[PDB]
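J.: Sequence, then the experimental structure. Questions to follow.
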Amino acid sequence: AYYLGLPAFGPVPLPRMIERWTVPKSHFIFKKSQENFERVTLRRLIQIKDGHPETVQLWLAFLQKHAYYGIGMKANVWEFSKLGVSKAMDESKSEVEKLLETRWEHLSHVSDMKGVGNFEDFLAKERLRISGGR
Amino acid sequence: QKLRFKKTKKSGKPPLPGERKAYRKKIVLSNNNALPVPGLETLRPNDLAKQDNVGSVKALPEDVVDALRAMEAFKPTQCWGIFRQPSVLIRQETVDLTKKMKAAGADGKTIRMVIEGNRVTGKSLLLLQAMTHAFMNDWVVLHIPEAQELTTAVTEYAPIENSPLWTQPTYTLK
Amino acid sequence: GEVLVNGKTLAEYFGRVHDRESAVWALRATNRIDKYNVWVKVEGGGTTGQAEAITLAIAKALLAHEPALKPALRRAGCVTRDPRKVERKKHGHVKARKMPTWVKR
Amino acid sequence: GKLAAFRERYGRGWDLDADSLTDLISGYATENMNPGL
Amino acid sequence: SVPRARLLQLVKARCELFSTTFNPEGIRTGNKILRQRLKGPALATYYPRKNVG
Amino acid sequence: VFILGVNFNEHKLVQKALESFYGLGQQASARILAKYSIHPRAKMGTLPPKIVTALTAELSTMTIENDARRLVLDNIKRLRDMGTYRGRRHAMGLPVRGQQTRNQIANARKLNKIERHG
Amino acid sequence: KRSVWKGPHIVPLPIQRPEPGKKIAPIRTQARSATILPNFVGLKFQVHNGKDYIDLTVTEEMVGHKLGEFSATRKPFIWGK
Amino acid sequence: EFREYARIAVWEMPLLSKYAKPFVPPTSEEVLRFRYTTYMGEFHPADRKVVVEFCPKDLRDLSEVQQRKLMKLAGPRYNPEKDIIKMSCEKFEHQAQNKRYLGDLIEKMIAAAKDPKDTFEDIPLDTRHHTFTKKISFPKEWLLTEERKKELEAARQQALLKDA
Amino acid sequence: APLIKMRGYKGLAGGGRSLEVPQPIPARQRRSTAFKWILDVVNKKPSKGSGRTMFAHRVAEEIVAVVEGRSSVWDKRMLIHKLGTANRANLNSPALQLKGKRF
Amino acid sequence: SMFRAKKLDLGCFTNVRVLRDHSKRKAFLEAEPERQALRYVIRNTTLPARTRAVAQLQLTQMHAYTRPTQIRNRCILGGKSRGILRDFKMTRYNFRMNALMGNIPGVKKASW
Amino acid sequence: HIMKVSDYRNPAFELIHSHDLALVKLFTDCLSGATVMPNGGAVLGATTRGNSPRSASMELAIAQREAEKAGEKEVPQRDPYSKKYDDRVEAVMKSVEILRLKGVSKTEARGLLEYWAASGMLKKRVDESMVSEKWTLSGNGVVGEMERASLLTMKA
RNA sequence: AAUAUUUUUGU
RNA sequence: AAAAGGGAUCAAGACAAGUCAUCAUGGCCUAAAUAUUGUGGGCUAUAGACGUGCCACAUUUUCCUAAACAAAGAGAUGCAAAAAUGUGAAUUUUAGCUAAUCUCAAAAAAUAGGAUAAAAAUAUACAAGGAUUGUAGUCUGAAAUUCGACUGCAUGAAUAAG
Ligand SMILES: Nc1ncnc2c1ncn2[C@@H]1O[C@H](COP(=O)(O)OP(=O)(O)OP(=O)(O)O)[C@@H](O)[C@H]1O
Ligand SMILES: [K+]
Ligand SMILES: [K+]
Ligand SMILES: [K+]
Ligand SMILES: [Mg+2]
Ligand SMILES: [Mg+2]
Ligand SMILES: [Mg+2]
Ligand SMILES: [Mg+2]
Ligand SMILES: [Mg+2]
Ligand SMILES: [Mg+2]
Ligand SMILES: [Mg+2]
Ligand SMILES: [Mg+2]
Ligand SMILES: [Mg+2]
Ligand SMILES: [Mg+2]
Ligand SMILES: [Mg+2]
Ligand SMILES: [Mg+2]
Ligand SMILES: [Mg+2]
Ligand SMILES: [Mg+2]
Ligand SMILES: [Mg+2]
């Protein structure tokens, strides 16, 4: 974040989440003896301020490429915009069509792909299979 | 048929009606063991209005205690039975209130005041001082000790013919 | 000698005089209730848990002004931090230590 | 008064008069609805 | 101090704007079944499937 | 005094006296006193003789006696004649609301009868 | 269906009204939760009790109860012999 | 693995500055503040919600009454304390569809507030959905200033005479 | 408050009887047994009035009956003082000194 | 029986009731929208009395496997249905033995 | 208690308002100015915090009369969406004076503490340091709390 | 120092 | 600050201790049945008797009124604000939040007042208590009859501290 010019604030230690389970040590009648288990989730918070929207994405892109094993990440990105979002999102079609000129090579399919059928229904039910139910 | 063990089944004069209620509502205004405060001055017809007495304790007249007791001015929650002679501190608010009552009755005016405040800060006893300045100056005092006895439905009530009002005969008699 | 515990007075916050005396005990043992104004801000716990907590707070803050009072606050009991804490419940027990009924037969 | 109670609760539609009872119950009923009686 | 009939005019302006059901009488329209999100696919993917052995 | 042929003592609240009948509870009694402007804390010795007569004539137009027990006893007899599961349990003096019968069925055996106490 | 606002529980039954004078056999059913509607007040039922089919003659008094309320599943507990 | 990261922090990180851009404060037209949540390579059902929050006073096309009518139509979406209309949308399968909805929905809230048919001026602003918080502060009369030191030295001397 | 306490040794007084031997008790144990006697009498009295001062005025009336020597707890005090006086010789009984000495 | 796939598709601990509960989860996945419509028509008091009585009779003819209340989580290592932890899909015992060995990520013996 | 709906019931089983009671309807009029006392006098009504219901109409009027006297252009107003008010209570408390009683001054506390000591009920040296202590434990001089900490204590 | 109630059975 | 406290851990061996009904496994058995599928029923039966629990038998209790103080945990298999409706269970409709942000959510005892007493045994003053049952409803769910959890009205058992 320093090289990208983003002023970061943290790491802020958030309250650790503790899930507890008490199971019997035996698989049978012996219930007068049980033991406690837990799963503590240690977390941190790095908040960035006064950062360019695009430069914030290069930062999040850099952390995902070189992510450390055993860590989860969730980022909330904020951005200001003008009124009339419908017009803006349509005018920005040609701009995104150029940046994708060299990236369309990733996908390839036989002419008139028939296995997809209803395009919108495919993504909906395929996104569930990828996420396992939801 | 059942065969378990079952316990086998196996003193003083009771109090009169109203005896118990009269025990938690009795007011004790003296204590023989307490010492007689030397220098304790009694009140005068114009003693609760002087501002020079602010911060001094003065005893209630012997005859006013019978009038304050006739209309239940005192209350059990108040600690009167710890001393010998019932006395009240002349508060700064007593002079302000009593100075307005003295000017109201003087020129036939009327003051309509609501004494509001926090808890035991002493609203109730401020009326006792107002009623005290009334008796000593030959006023007509009409006091309702508890306003919850008129609304909690604990006394007889009857309607009036051709009107939305309701009378309380048993209370108006007492 | 004004004291405001969480914005309210000492009487409007603690309805029990035993707690009022214990909150400002530090200023009472040293006979300085009439020379310092306290503005406390408590959070968590109960009545006694908060009353005694203010005792160690005013004591420590009082020492910042007059550090020579520690020998007195020592004997008054306003310098020690009571570490007593509710014991956790343990499996096989009804409470921290209460055990269920034991049947010999 | 069980009949009157039924009419007030579930209306006179199911009540026998002179009409969901006529066709819905017997209509959905078919042969071999449940093997083994 | 605001008439109820005059309040429903504002409650109705929100329904036309946010596209919500306007039911001032509380009629049982069975809409609680429509808002409930399906949980079928979440339960079906409980037992893992046969994979490479 | 007297109310519907039942005698009550002076030192007895009217609220509690009207509740001594089969069928009258907190709702009915509360509305019968308001109808004649009797504060809940009224005792029998304070009721005038004319208002006592109004209460008697007031309860005579309600189901405040065996007329009520009849409805309850008729509902139990109908369950027995129809041959329902709930009817047998009344006759057999057994719990009628699906309760474990391995233990603690004393109050059922004592009160469950085709002719209830009320 | 307990809540009254959504009608009673109805199950498909072969309650076909015969012509006057015809012989109709009783209806053998295992739907012990079928509300006794007024439409078949007078028909002969044979409700399943788990092992046997107990005869039943629906009358105007049973309208509202379930069919399983007239065929006990367990046998009365009797001590001794 | 530490060396792999130290090799990246010494040779690859400095190259991030060649493609960085400076932050510019939003102009007067930037009235909306959208939020997009990412899970960094994970598929989570909550990564489709888009939260937007704007200030009624930022819309300089509405009058005083048209701005207040906008607060009444917002309903529980308006925060009287912060004066911010916050509203999210997760009705659609894609974030792009949830942003377009809030973009069109805000144009209806403004177009409806500009409707002179009913101004709802008789309806007082309802804020029962919000729970206002009371914050206490240190009394400014207790600050030991040069003037309070003199007020205390007097009160401390007046107490010595009453006893003496 | 009693000045002594009776502690018995199981089955040393004869055929299964305990050998009650007096022993002194400190102040705290003296004031505890005393006040607990006063409460045993207060809990057996009948109710008299109403209000919050019900239980407080019953205990206060027993403290007056104590100082005035017209209470029942005095008889409970002399009843335990006589046991010590009667059993004052058991301190040197032939049982507490010959428990298991002679094999 | 008609819902039991002719080719086993389970990779976990297979059982008589494990295969029986997996066949119920797939039958309900295909009939949830259709079953949610009957439940919506039965509660809509605005529809005709006949439409609600029809939708009420069709919901009774649905196969038991289609009912969602039949689904009961089971252990993917032992096939049991009693004492199953949703967060792990195993009995309380299997969770213990795997938690101590370190097979369940993040779990830890609690002591405090 | 008289600024709410009484607990009484009319023949139609409807709660009677406290102001409809003949006895309460008299004091209310003398307090509102309707019934004019020709010979003058005073009409004082003291609230209570022990066993007292809450009436927003009374607690609001008290806040309006105190704010007006304090010279403030802005005065507390009703809650436009609350249904806990009563128009009758507002008209009665429209032109009444409010006397707010707070803790006694430090000089009045002493005069009351010296009276308790002279009676033997307070065995303490009553000086400025001792009057400022009871003035704190009693919430800035609450007379009722000052008695709980010096008379109804378990130290004497 | 000279104290002493009774207390069976186990394929 | 301090004389600190608690949790986990707690050996070998014996009890041929418990588990071939988690799993796993040797021998021995069933293989048109000791395997497999569905509907309904049962596991909820009840003479006597035994275990743990809840609650009550009023005076340090319960009841009524009010402007105090917690911690921890839960919500992608969902926790549900506000409002409106109903005496109530609850319904209608979804704001926000997938969370130190939003929501469940409100602590209660307590503190301070107030009500009721021949507060059960002298029957015209039968206390507290809430089991049993009748009836009208609501919620989940194909489905509440055997056999669910709550709500209103009525009914009003034993129970003197064992
Ligand atoms: N002016 C006074 N002089 C002497 N004693 C006083 C005075 N004011 C109050 N007290 C004492 O303080 C205690 C509380 O007084 P009081 O009962 O009048 O308070 P209150 O404001 O009426 O309380 P509440 O609002 O709860 O009804 C009493 O014991 C009283 O004797
Ligand atoms: K969509
Ligand atoms: K061992
Ligand atoms: K009773
Ligand atoms: Mg008062
Ligand atoms: Mg505890
Ligand atoms: Mg038992
Ligand atoms: Mg109390
Ligand atoms: Mg042998
Ligand atoms: Mg063995
Ligand atoms: Mg065995
Ligand atoms: Mg096996
Ligand atoms: Mg069982
Ligand atoms: Mg109770
Ligand atoms: Mg709500
Ligand atoms: Mg909860
Ligand atoms: Mg008694
Ligand atoms: Mg049932
Ligand atoms: Mg016992």
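T.: Structure's in. What do you need? Numbers count the residues shown, from 1 in each chain, chains lettered A, B, ... in the order given. Ligands and ions are numbered 1, 2, ... in the order given.

J.: What separation is there between whatever residue of chain G ends up closest to chain B and residue B:1?
T.: In chain G, no residue comes nearer to chain B than residue G:79, which is 11.5 Å away by CB to the nearest CB. Every residue, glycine included, has its C-beta placed from N, CA and C. With the distance defined as CB to CB, to the nearest Å, residue G:79 ends up 11 Å from residue B:1.

J.: One more: residue F:27?
T.: Computed with CB to CB, the distance linking residue F:27 and residue B:1 is 44 Å.

J.: Quick check: whichever residue of chain H sits closest to chain F vs residue K:83, distance?
T.: Closest contact between chain H and chain F, by CB to the nearest CB, is at residue H:128 (33.4 Å). Residue H:128 sits 12 Å away from residue K:83, going by CB to CB.

J.: burial count for the residue in chain G that chain E sits nearest to?
T.: Here the residue of chain G nearest chain E is residue G:5; by CB to the nearest CB that distance is 6.5 Å. A total of 10 residues lie near residue G:5 under the criterion other CB atoms under 10 Å in any protein chain shown.

J.: ditto for residue B:71
T.: When neighbours are counted by other CB under 10 Å, residue B:71 registers 13.

J.: Spit out the contact partners of it.
T.: Taking CB atoms under 8 Å, 6 or more residues apart in numbering or on different chains as the criterion, residue B:71 is in contact with B:131, B:141, B:143, B:145.

J.: Tell me who's in contact with residue H:86.
T.: Contacts here follow CB under 8 Å, 6+ apart; on that basis residue H:86 touches H:51, H:52, H:53, H:77, H:79.

J.: Go ahead and build a ChimeraX selection from the buried members of those.
T.: A single ChimeraX command selects the buried members of the contacts of residue H:86 (16 or more other CB atoms under 10 Å in any protein chain shown):
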select /H:51,52,53,77,79
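
J.: I'd like to know how far residue G:2 sits from residue H:96.
T.: Distance, residue G:2 to residue H:96, by CB to CB: 47 Å.

J.: of the two, who's got more company?
T.: residue H:96 (12 against 6).

J.: quick one, which of residue F:27 and residue B:1 is more surrounded?
T.: With neighbours defined as other CB under 10 Å, residue F:27 and residue B:1 compare such that residue F:27 has more, 9 against 2.

J.: Roughly how far does the closest residue to chain F within chain J sit from residue F:80?
T.: Among all residues of chain J, residue J:69 sits closest to chain F, at 20.5 Å; criterion: CB to the nearest CB. Taking CB to CB as the measure, residue J:69 falls 35 Å from residue F:80.

J.: ditto for residue K:96
T.: According to CB to CB, residue K:96 and residue F:80 sit 70 Å apart.

J.: So between these two, which is more surrounded?
T.: Neighbour count, other CB under 10 Å: between residue K:96 and residue F:80, residue K:96 has more, with 19 against 15.

J.: Report the contact partners of the more buried one.
T.: For residue K:96, the set of contacting residues under the criterion of CB under 8 Å, 6+ apart consists of B:112, B:113, B:114, K:31, K:32, K:61, K:65.

J.: returning to that earlier point: pull the contacting residues for the residue of chain H closest to chain F.
T.: By CB under 8 Å, 6+ apart, residue H:128 lies in contact with residue K:81.

J.: excluding its backbone neighbours, what's nearest the residue nearest to the spatial centre of chain K?
T.: Among the residues of chain K, the smallest C-alpha distance to the mean C-alpha position (CA atoms, centre = their mean) belongs to residue K:47, namely 3.5 Å. Nearest-residue entry for residue K:47: residue B:116, 5.1 Å, with adjacent residues in sequence omitted and distances by CB to CB, 6 or more residues apart in numbering or on different chains.

J.: which SSE is residue 37 in?
T.: Unless you meant another one, I'm taking chain A. strand A:34-41 (DSSP states H and E).

J.: other chain: chain J
T.: helix J:16-43.

J.: Is that helix in proximity to chain G?
T.: Yes: using CB under 8 Å from any CB of the partner chain, helix J:16-43 reaches chain G at J:42, J:43.

J.: Show me what that helix is packed up against.
T.: Using 3 or more CB pairs under 8 Å, 6 or more residues apart in numbering or on different chains; DSSP states H and E, the elements in contact with helix J:16-43 are helix E:31-35, helix E:40-44, helix J:49-61.

J.: In a markdown table: those, plus distance to residue A:21 and mean neighbour count.
T.: A markdown table is the format used below for those (distance: least, CB to CB, whole Å; neighbours: other CB atoms under 10 Å in any protein chain shown):
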| stretch | distance to residue A:21 | mean neighbour count |
| --- | --- | --- |
| helix E:31-35 | 33 | 12 |
| helix E:40-44 | 22 | 18 |
| helix J:49-61 | 38 | 17 |
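
J.: Out of those, the one nearest ligand 5 is which?
T.: Counting by CB to the ion, ligand 5 lies closest to helix E:31-35 out of the helices and strands packed on helix J:16-43; the figure is 52.0 Å.

J.: Any part of the closest one near chain H?
T.: No: interface with chain H: helix E:31-35 contributes nothing (CB under 8 Å from any CB), its closest point being 11.6 Å away.

J.: Quick one: distance of that helix to the chain centre.
T.: 5 Å (CA atoms, centre = their mean, to the nearest Å).

J.: and if you look at stretch F:69-78?
T.: A distance of 14 Å separates the C-alpha centroid of stretch F:69-78 from that of its chain, computed with CA atoms, centre = their mean.

J.: For the closest residue to RNA strand L within chain A, grab the count of nearby residues.
T.: Across chain A, no residue is closer to RNA strand L than residue A:29, which sits at 25.0 Å (CB to the nearest atom of the strand). Residue A:29 is surrounded by 7 other residues when neighbours are defined as other CB under 10 Å.

J.: Then residue J:12?
T.: By the other CB under 10 Å criterion, the neighbourhood of residue J:12 contains 18 residues.

J.: Same check on residue F:47?
T.: When neighbours are counted by other CB under 10 Å, residue F:47 registers 21.

J.: List the residues that contact it.
T.: With CB under 8 Å, 6+ apart as the criterion, the residues that contact residue F:47 are F:1, F:14, F:38.

J.: from these, which is closest to chain H?
T.: Lowest distance from chain H to the contacts of residue F:47 (CB to the nearest CB) belongs to residue F:38, with 41.3 Å.

J.: Residue H:88 pairs with what?
T.: Here residue H:88 sits in beta bridges with residue H:51, going by DSSP bridges.

J.: Quickly note the distance from it to chain K.
T.: Spatial separation of residue H:88 from chain K under the definition CB to the nearest CB, to the nearest Å is 26 Å.

J.: same thing with residue A:91?
T.: Distance, residue A:91 to chain K, by CB to the nearest CB: 45 Å.
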